[PDB]
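Have a look at the structure below before the remarks.
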Amino acid sequence: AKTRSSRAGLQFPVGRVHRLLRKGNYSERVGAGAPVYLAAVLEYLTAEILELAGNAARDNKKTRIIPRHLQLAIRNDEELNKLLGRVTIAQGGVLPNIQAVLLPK
Amino acid sequence: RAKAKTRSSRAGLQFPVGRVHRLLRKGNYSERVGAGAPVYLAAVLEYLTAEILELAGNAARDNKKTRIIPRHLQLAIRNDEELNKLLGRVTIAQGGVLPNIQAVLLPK
Amino acid sequence: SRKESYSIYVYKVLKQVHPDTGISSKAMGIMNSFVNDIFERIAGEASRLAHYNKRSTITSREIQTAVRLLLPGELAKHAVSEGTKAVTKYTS
Amino acid sequence: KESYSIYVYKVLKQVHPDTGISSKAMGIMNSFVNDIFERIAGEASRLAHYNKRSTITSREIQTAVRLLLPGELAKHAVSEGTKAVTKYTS
Amino acid sequence: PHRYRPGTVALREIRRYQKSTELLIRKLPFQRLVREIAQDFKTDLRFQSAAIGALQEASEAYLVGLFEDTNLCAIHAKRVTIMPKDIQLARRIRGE
Amino acid sequence: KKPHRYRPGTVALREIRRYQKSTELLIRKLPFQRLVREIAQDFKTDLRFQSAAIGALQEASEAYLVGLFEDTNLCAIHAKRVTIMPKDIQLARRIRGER
Amino acid sequence: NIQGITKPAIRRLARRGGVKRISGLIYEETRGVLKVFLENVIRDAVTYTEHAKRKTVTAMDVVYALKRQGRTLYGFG
Amino acid sequence: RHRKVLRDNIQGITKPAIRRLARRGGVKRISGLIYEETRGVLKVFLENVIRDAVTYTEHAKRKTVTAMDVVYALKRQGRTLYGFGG
DNA sequence: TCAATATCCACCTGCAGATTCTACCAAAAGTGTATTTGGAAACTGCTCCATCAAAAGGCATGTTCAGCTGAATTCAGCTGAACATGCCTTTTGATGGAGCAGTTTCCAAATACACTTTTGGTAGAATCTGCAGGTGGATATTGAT
DNA sequence: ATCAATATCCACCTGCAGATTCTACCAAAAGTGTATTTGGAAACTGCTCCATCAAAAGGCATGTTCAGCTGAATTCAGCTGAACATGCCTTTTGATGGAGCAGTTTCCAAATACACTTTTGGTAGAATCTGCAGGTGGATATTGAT
Ligand SMILES: [Cl-]
Ligand SMILES: [Cl-]
Ligand SMILES: [Cl-]
Ligand SMILES: [Cl-]
Ligand SMILES: [Mn+2]
Ligand SMILES: [Mn+2]
Ligand SMILES: [Mn+2]
Ligand SMILES: [Mn+2]
Ligand SMILES: [Mn+2]
Ligand SMILES: [Mn+2]
Ligand SMILES: [Mn+2]
Ligand SMILES: [Mn+2]
Ligand SMILES: [Mn+2]
Ligand SMILES: [Mn+2]
Ligand SMILES: [Mn+2]
Ligand SMILES: [Mn+2]
Ligand SMILES: [Mn+2]
């Protein structure tokens, strides 16, 4: 017995991704490599975000990542920020940022 | 095998129901397509086309012109609030812009 | 190498609304662009609607809802009238 | 109801073995994964249609990734995808 | 007796609320407003609590971002005070 | 008689009316063509272009710049100025989510 | 009910948006804006709700409406 | 057999052309630093569209950028363009 | 620079409660075969594309110079911030029940495809025709008298 | 209370490049007939939400005081617009040659199709441990008087 994800060296479900592609009304047919590739990409992005968010969680002396940590992680990363420029993260709040002119002296 | 009558004729439309149906079928939108869907869609597309051509034709006559040009389409769309909303992110090639000067820029 | 387009239908409609008015080739190109655009918007939204509700069939109801989502106000109401009337007549 | 929760958690354990995640944050990760799935699959679908191809392959996925992802993320994601396909194929 | 100068407490509040993530509008009035507006579209509607919550997160995120842009407009006009004029400029440039 | 001379602004206003009335492309065709081919050459070499492709690029670019200048103008006027400055462009593009 | 969105709430939102000083006329203005926003989302949301032949607006209806306004929301799926 | 190297063509977008564009945009008065600024902005814009366009061209295994490639790039950048589908 | 305050910020501990762990079981995924088929390779017919050429005039560039704009400054009216009081709205916690979702079964009705004809749509060819420019005279507007 | 000095409209005119109509073949609808799905109408049921009641806490509305910000008023020095001469280079039209799209045929590597059996992920309580609710005290900042 072997899963496709095991073979591809992935954690994300290749079979599921493949099935979602087939039933997603995207194309009449779906190639064997497409769900492997897609699953790999999704896993990679997830890994990057969890990496940074985990860093923020450790910085806040917490063992559990919360939405705030995800917001901090995403917005303080230029490319992740562009990728998610039109996305609202519930309970994420905003980056602390005060316009210099508003400060005293 | 009777005398053929088109779906567009039955629906009372100018726009091609059969073509629209085929495009729905091969556009990978759903596994199945109901009989009424392409009729409805063709009707809507036809109607929208009619509204825009109406306004653009009016604009063309306002310029003492008998042929609609892209400029007329722009005038029609932008001077109409709802069409402007519908096409807010659309560029009309050779359409130019609405004449509009900010009051403060006028001589005082 | 035959190319299809909405040109003749756009022209028929034009002759309906302005019998003595013509249209440049470029303006016709813009109209074709328009029709294809709205087609993709409505069909796409209807596809999503069918998927959200676990339905394998796009019907006139999906099309109608999509029209209501995509078009503003009176444009939407009028479009809905045209669509519904066309379907009711067609079935009869 | 399905979700990516277990896979997100596995990945999390890979990159931070002693770190957990709140329920809300997991919900946000699920939203994220579904979102990017739709962006990439949608773009790949359009790519296939434009070129009159009936099959979405890894090549459409790759091109779609290059269109959707910025800079370094695109390069690395492409690398991971190709690498995964190569390994799977082996 | 004590008195912070105008601006100090404002700034302190900015730091406080930018540090946190809690919803800033009271639940019940928002609920009431949402159900009221919704009644004008479709009648005898009900709402999941999560639906109302979604609406509130979205609304507050939107308003906050708008206030950021508004602030930028005010500062652009060499002011520290946001005015309706600033909001209107921001919304016009946003295409709202 | 000193020769005729319009006051600063009059000819500017005249030009505004003129170009808002018309639809012709305002950038010279050949130099735009060169710019496009240069930039494209930096992504992929020995590319060719349909003439309509470049035309599409120019229509899009000019519509974009014109709209940008509208917003920029509003930013300048907001600051009680009549003269658009780089600050105005930067504000407009920031609020647009371009930067 | 629009008055239920009080002045200090709007001040809190502005503070989160980094605003240091606030004109008195802002609040009413803000309310108008808020109203419009809600009207736009809820409308679409309800549309989805009625397409599903339901009487209860779900979180997903809202999410789809927001998504279609290009106001994508994470966390309510 | 091959054309002269394209160099510094962004300067081909002259001061009066930019002035004309601004006029259509309703601008009455223009700071001297605007033009260079504009050149930067346009440059970025083009880079973003053309990039995607070329991507499409490369996906189709073509060596010729078509109007449709451009149209698709503009569309995916939320810059929908009418009039070139023909 | 300074006493005299007020407010953050880190750190602490007791536990309520979110999170992680477990184990059951439909429902997906996997699997073993068996058949099809999309599209890539491989000519190849011809569009368009790239580059160059001449010439003519439209437009870019540099120059001069002064009007008026933007920037810098001054000042005080009145707006918006901060703070103290006390009322009431919202928050929090229950209870009851009906009004929606969510589900199964089963057939009538709706759709899917393939086959077989027909006809509306297309590509040039043959015709038709605005309108682009070209001319010129009234009307409007502008800046200095 | 106007004249010059320009720019802008407004009508008229006609040839031709662009639009429209005409022709006739044929791709793609339409008609027809079987094969598959599916929409819901009837009939149940656990639950979500709504309606109503209730206490109480903290958040908000209000009134007072005043600091300081916004807007008006003023002043000036350069910058940017207007105008003009030069001559470059864009535009226009066409030639020349071929790179590179498309069109057609051919045939397998890759994908779909079934019939069943494993494997797995969703679910809801148990078990496990982490934030958090407040409280302390030390760091950090602020304020007004010098
Ligand atoms: Cl593949
Ligand atoms: Cl239907
Ligand atoms: Cl105002
Ligand atoms: Cl500047
Ligand atoms: Mn180069
Ligand atoms: Mn066979
Ligand atoms: Mn084949
Ligand atoms: Mn000034
Ligand atoms: Mn005072
Ligand atoms: Mn016929
Ligand atoms: Mn003319
Ligand atoms: Mn045939
Ligand atoms: Mn078989
Ligand atoms: Mn088996
Ligand atoms: Mn398992
Ligand atoms: Mn702890
Ligand atoms: Mn605490």
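Only heavy atoms go into these numbers, but all of them, side chains included; no hydrogens, no water, no symmetry mates. Order of the sequence lines fixes the chain letters, A, B, ..., with proteins taken first and strands second; residue numbering starts at 1 for each chain.
- Among the nucleotides I/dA71, I/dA112, J/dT80, the one closest to the side chain of H/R29 is J/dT80.
- Among the nucleotides J/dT112, I/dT122, I/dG39, the one closest to the side chain of C/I8 is I/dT122.
- Within the 4.0 Å cut-off from OP1 or OP2 of J/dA5, not a single side-chain nitrogen or oxygen of F/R5 is found.
- For J/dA4, the OP1/OP2 oxygens have no side-chain nitrogen or oxygen of F/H4 closer than 4.0 Å.
- Comparing E/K19 and E/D44, the nucleotide of DNA chain I nearest to each residue sits closer to the 5' end for E/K19.
- Here the closest heavy-atom approach between residue A/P67 and residue D/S22 is recorded as CD-OG, 3.5 Å.
- An OP1 or OP2 oxygen of I/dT90 is reached within less than 4.0 angstrom by a side-chain nitrogen or oxygen of E/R32.
- The base of J/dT142 engages I/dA4 as a Watson-Crick or G-U wobble partner, both distances under 3.5 Å.
- Distance from the side chain of E/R16 is smallest to I/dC8 among I/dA112, J/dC9, I/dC8.
- Considering only side-chain N and O atoms, D/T55 lies under 4.0 angstrom from the phosphate OP1 or OP2 of I/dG39.
- The side chain of G/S23 lies closest to I/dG80 when the candidates are J/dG131, I/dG80, J/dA28.
- For the pair F/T23 and B/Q94, the tightest heavy-atom approach, listed with the atom from each and the gap, is O-OE1, 2.9 Å.
- The base of I/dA28 is not paired with the side chain of A/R19 by any donor and acceptor separated by under 3.5 Å.
- In this structure, J/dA124 and I/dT22 make a Watson-Crick or G-U wobble pair, each of the two defining distances being under 3.5 angstrom.
- In this structure, the nucleotide among J/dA111, J/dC50, J/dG68 sitting nearest to the side chain of E/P6 is J/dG68.
- OP1 or OP2 of I/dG70 lies within a sub-4.0 Å distance of a side-chain N or O belonging to F/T83.
- When distances are taken from the side chain of G/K55 to each of J/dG40, I/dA101, I/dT19, the shortest belongs to I/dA101.
- A donor N or O paired with an acceptor N or O is found under 3.5 Å between the base of I/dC49 and the side-chain atoms of F/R48.
- If you find the closest nucleotide of DNA chain I to D/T19 and to B/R25, the one lying nearer the 5' end belongs to D/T19.
- The side chain of C/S1 lies closest to J/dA102, out of I/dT7, I/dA81, J/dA102.
- Put simply, G/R12 has a side-chain N or O that comes within less than 4.0 Å of OP1 or OP2 on J/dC60.
- A close approach under 4.0 Å does occur between a side-chain nitrogen or oxygen of F/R37 and OP1 or OP2 of I/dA50.
- J/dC114 and I/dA114 are spaced 13 Å apart, taking the P atom of each and rounding to whole Å.
- The same atom, P, is picked in J/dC16 and in J/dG94; the two are 14 Å apart, to the nearest Å.
- Close to I/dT118, at under 4.0 Å from its OP1 or OP2, lies a side-chain N or O of B/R1.
- Put simply, the side chain of H/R3 and the base of I/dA50 share no donor and acceptor less than 3.5 Å apart.
- Salt bridge H/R23/F/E15: present, at least one basic N to carboxylate O contact under 4.0 Å.
- Contact between the side-chain N/O atoms of G/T56 and the OP1/OP2 oxygens of I/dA101 is found at a separation under 4.0 Å.
- Listed pair B/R10 / J/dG31 meets the phosphate criterion, a side-chain N or O lying under 4.0 Å from OP1 or OP2.
- Candidate nucleotides I/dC83, I/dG121, I/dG39 were compared by shortest atom distance to the side chain of B/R19, and I/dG121 ranks first.
- For B/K5, taking side-chain heavy atoms from C-beta onward, the closest of the listed nucleotides J/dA7, J/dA19, J/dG31 is J/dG31.
- Under 4.0 angstrom from either OP1 or OP2 of I/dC59 there lies at least one side-chain N or O belonging to F/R28.
- Across all strands shown, I/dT95 forms a Watson-Crick or G-U wobble pair with J/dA51, both key distances being under 3.5 Å.
- Dashed line: the shortest gap from a side-chain N or O of E/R5 to OP1 or OP2 of J/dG68 is under 4.0 Å.
- Checked against I/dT20, I/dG39, J/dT20, the side chain of D/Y9 finds its nearest nucleotide in I/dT20.
- When the side-chain nitrogen and oxygen atoms of H/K28 are compared with OP1 and OP2 of J/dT80, none of them lie within a distance under 4.0 Å.
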